[PDB]
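Visitor: Okay, handing you the structure first.
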Amino acid sequence: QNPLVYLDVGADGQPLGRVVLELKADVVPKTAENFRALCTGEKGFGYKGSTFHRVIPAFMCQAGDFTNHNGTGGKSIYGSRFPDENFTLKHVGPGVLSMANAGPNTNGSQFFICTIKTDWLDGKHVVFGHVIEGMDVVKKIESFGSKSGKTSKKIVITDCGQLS
Amino acid sequence: XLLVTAXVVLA
């Protein structure tokens, strides 16, 4: 079964709610497993207490940097970086869960949740899931973003884990 | 521009 994970997000210490995500382990097992383990924190590290450092309205909300909290860091459960599994899944619309990177085969822990069809990213970024529930919470995160990416409020992942 | 990168953020 494809894992069902959660992100509990807060803005300036005030809760925004829960984002439930389905991880397509049936298409991208290695990419899904990396994100699932970072939600539980079973490897001794992960998303708990980390932030959405770059948020651009009408585009995406970016997070995953649990090491430096500014886009310069983060690491995978396999090592520093891991290869691009495949580009089978496309950035078809809002709610798409995809890996941020620094070029080909540089996947770590940084990901993004789309707020629009980001089809110009197809073949460059690994899509590994989608929002099941809490798109209203994603839109709340989006409202705290700006054209530069700078957030108007500290967007923190207060809790995260696996539902099934 | 509209990218999602980790290290050298581009326009």
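We name chains A, B, ... following the order of the structure tokens; residues begin at 1 in each chain, and ligands are numbered from 1 as shown.
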Would you write out, as CSV, a table of all residues in chain A that have an atom no more than 10 Å from an atom of chain B, listing for each the closest atom pair and the distance in Å to one decimal, considering only C-alpha atoms and ordering rows by chain and rising residue number?

Guide:
```
residue,atom,partner,partner_atom,distance
A:54,CA,B:4,CA,8.9
A:56,CA,B:2,CA,8.8
A:59,CA,B:2,CA,7.5
A:60,CA,B:4,CA,8.5
A:61,CA,B:4,CA,9.3
A:62,CA,B:4,CA,7.4
A:64,CA,B:6,CA,9.8
A:65,CA,B:6,CA,8.8
A:70,CA,B:6,CA,8.9
A:71,CA,B:6,CA,5.1
A:72,CA,B:7,CA,4.8
A:73,CA,B:6,CA,7.4
A:74,CA,B:6,CA,8.8
A:98,CA,B:4,CA,9.4
A:99,CA,B:4,CA,8.2
A:100,CA,B:4,CA,5.1
A:101,CA,B:5,CA,4.9
A:102,CA,B:6,CA,5.1
A:103,CA,B:5,CA,7.8
A:106,CA,B:6,CA,8.8
A:107,CA,B:6,CA,9.0
A:108,CA,B:6,CA,8.8
A:109,CA,B:6,CA,9.6
A:110,CA,B:6,CA,7.2
A:111,CA,B:4,CA,8.2
A:112,CA,B:4,CA,7.5
A:118,CA,B:2,CA,8.8
A:120,CA,B:2,CA,8.8
A:121,CA,B:3,CA,7.8
A:125,CA,B:4,CA,8.5
A:147,CA,B:2,CA,9.9
A:148,CA,B:11,CA,9.2
```

Visitor: Next, write the just-selected residues to a file, as a compact mmCIF listing (two decimals), in the first residue's frame, keeping N, CA, C and O atoms as the atom set.

Guide:
```txt
# COMPACT_ATOMS: atom_id res chain seq x y z
N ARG A 54 10.87 28.80 1.48
CA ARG A 54 10.60 29.52 0.23
C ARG A 54 9.17 29.22 -0.19
O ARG A 54 8.84 28.06 -0.41
N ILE A 56 6.21 30.78 -2.88
CA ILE A 56 5.87 31.73 -3.95
C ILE A 56 4.40 31.58 -4.35
O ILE A 56 4.04 30.54 -4.90
N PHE A 59 2.45 29.38 -7.47
CA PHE A 59 3.55 28.54 -7.92
C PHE A 59 3.73 27.28 -7.02
O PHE A 59 3.32 26.19 -7.44
N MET A 60 4.32 27.44 -5.81
CA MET A 60 4.62 26.33 -4.90
C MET A 60 5.04 26.81 -3.50
O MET A 60 5.36 27.99 -3.31
N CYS A 61 5.10 25.87 -2.54
CA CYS A 61 5.59 26.05 -1.17
C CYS A 61 6.71 25.02 -1.03
O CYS A 61 6.49 23.84 -1.33
N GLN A 62 7.93 25.47 -0.68
CA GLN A 62 9.15 24.65 -0.58
C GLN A 62 9.65 24.50 0.86
O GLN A 62 9.78 25.49 1.58
N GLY A 64 11.81 21.07 3.57
CA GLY A 64 12.72 19.93 3.61
C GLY A 64 14.10 20.19 4.20
O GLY A 64 14.80 19.23 4.54
N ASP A 65 14.51 21.46 4.31
CA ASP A 65 15.82 21.78 4.86
C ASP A 65 15.77 21.73 6.39
O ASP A 65 15.52 22.75 7.06
N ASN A 70 17.40 27.05 5.22
CA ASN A 70 17.49 28.16 4.26
C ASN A 70 17.68 27.73 2.77
O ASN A 70 17.92 28.57 1.90
N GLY A 71 17.55 26.43 2.52
CA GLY A 71 17.69 25.86 1.18
C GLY A 71 19.08 25.34 0.88
O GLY A 71 19.26 24.60 -0.09
N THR A 72 20.08 25.71 1.70
CA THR A 72 21.46 25.27 1.51
C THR A 72 21.71 23.84 1.99
O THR A 72 22.72 23.24 1.59
N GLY A 73 20.84 23.32 2.85
CA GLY A 73 21.02 22.00 3.43
C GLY A 73 19.98 20.95 3.16
O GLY A 73 19.27 20.98 2.15
N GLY A 74 19.90 20.01 4.10
CA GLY A 74 19.03 18.85 4.05
C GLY A 74 19.84 17.65 3.58
O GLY A 74 20.88 17.82 2.95
N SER A 98 6.60 17.02 -5.23
CA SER A 98 7.78 16.83 -6.05
C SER A 98 9.06 17.25 -5.34
O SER A 98 9.05 18.12 -4.46
N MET A 99 10.18 16.64 -5.74
CA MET A 99 11.49 16.87 -5.17
C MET A 99 12.18 18.09 -5.75
O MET A 99 12.30 18.23 -6.97
N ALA A 100 12.68 18.95 -4.85
CA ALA A 100 13.51 20.10 -5.18
C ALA A 100 14.91 19.51 -5.40
O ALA A 100 15.19 18.42 -4.89
N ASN A 101 15.79 20.20 -6.16
CA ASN A 101 17.14 19.67 -6.41
C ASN A 101 18.14 20.75 -6.80
O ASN A 101 17.75 21.90 -6.90
N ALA A 102 19.40 20.39 -7.04
CA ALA A 102 20.41 21.32 -7.52
C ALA A 102 20.97 20.76 -8.84
O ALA A 102 22.18 20.76 -9.07
N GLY A 103 20.05 20.29 -9.69
CA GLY A 103 20.36 19.69 -10.98
C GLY A 103 20.15 18.19 -11.02
O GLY A 103 19.61 17.63 -10.06
N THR A 106 20.53 14.99 -7.73
CA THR A 106 20.94 15.71 -6.51
C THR A 106 19.76 15.82 -5.55
O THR A 106 19.49 16.89 -4.99
N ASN A 107 19.03 14.72 -5.38
CA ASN A 107 17.89 14.69 -4.47
C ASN A 107 18.40 14.49 -3.05
O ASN A 107 19.26 13.65 -2.84
N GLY A 108 17.86 15.26 -2.11
CA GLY A 108 18.22 15.16 -0.69
C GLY A 108 16.96 14.95 0.12
O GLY A 108 16.37 13.86 0.10
N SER A 109 16.49 16.03 0.77
CA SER A 109 15.25 16.03 1.57
C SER A 109 14.30 17.17 1.18
O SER A 109 13.15 17.16 1.62
N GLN A 110 14.76 18.15 0.39
CA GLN A 110 13.94 19.28 -0.01
C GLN A 110 12.91 18.91 -1.05
O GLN A 110 13.20 18.25 -2.04
N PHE A 111 11.68 19.30 -0.78
CA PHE A 111 10.53 19.00 -1.60
C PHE A 111 9.70 20.26 -1.75
O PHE A 111 10.01 21.30 -1.15
N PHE A 112 8.66 20.17 -2.58
CA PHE A 112 7.70 21.24 -2.77
C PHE A 112 6.31 20.69 -3.01
O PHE A 112 6.18 19.58 -3.51
N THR A 118 2.78 22.93 -12.61
CA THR A 118 4.16 23.37 -12.88
C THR A 118 4.81 22.48 -13.96
O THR A 118 5.93 22.00 -13.77
N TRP A 120 6.41 23.01 -16.64
CA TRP A 120 7.74 23.39 -17.13
C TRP A 120 8.84 22.66 -16.32
O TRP A 120 10.01 22.67 -16.72
N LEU A 121 8.45 21.98 -15.21
CA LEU A 121 9.37 21.23 -14.34
C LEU A 121 9.43 19.73 -14.67
O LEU A 121 10.28 19.03 -14.13
N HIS A 125 12.31 17.45 -12.27
CA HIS A 125 12.00 17.18 -10.87
C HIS A 125 11.17 15.91 -10.73
O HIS A 125 10.33 15.64 -11.58
N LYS A 147 6.61 37.10 -3.92
CA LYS A 147 7.23 36.96 -5.24
C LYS A 147 8.70 36.51 -5.17
O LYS A 147 9.17 35.80 -6.05
N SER A 148 9.41 36.92 -4.10
CA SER A 148 10.82 36.59 -3.85
C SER A 148 10.98 35.20 -3.22
O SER A 148 12.06 34.60 -3.34
```

Visitor: Please return as a count of residues only: the residues of chain A that backbone DSSP assigns to strand (DSSP E).

Guide: 48

Visitor: Quote the spacing between CA of residue 5 (chain A) and CA of residue 39 (chain A) in Å to one decimal place.

Guide: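 Between CA of residue 5 (chain A) and CA of residue 39 (chain A) the gap is 7.0 Å.
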
Visitor: Given the choices A:95, A:149, A:10, A:79, which gets closest to residue 132 (chain A) if the distance is worked out from only C-alpha atoms?

Guide: A:95

Visitor: Which residues are close to region 45-49 of chain A, i.e. within 12 Å by only C-alpha atoms, leaving aside same-chain residues fewer than 6 positions away? Reply as a PyMOL selection string.

Guide: chain A and resi 5-10+13+34-39+63-69+74-77+108-111+154-161
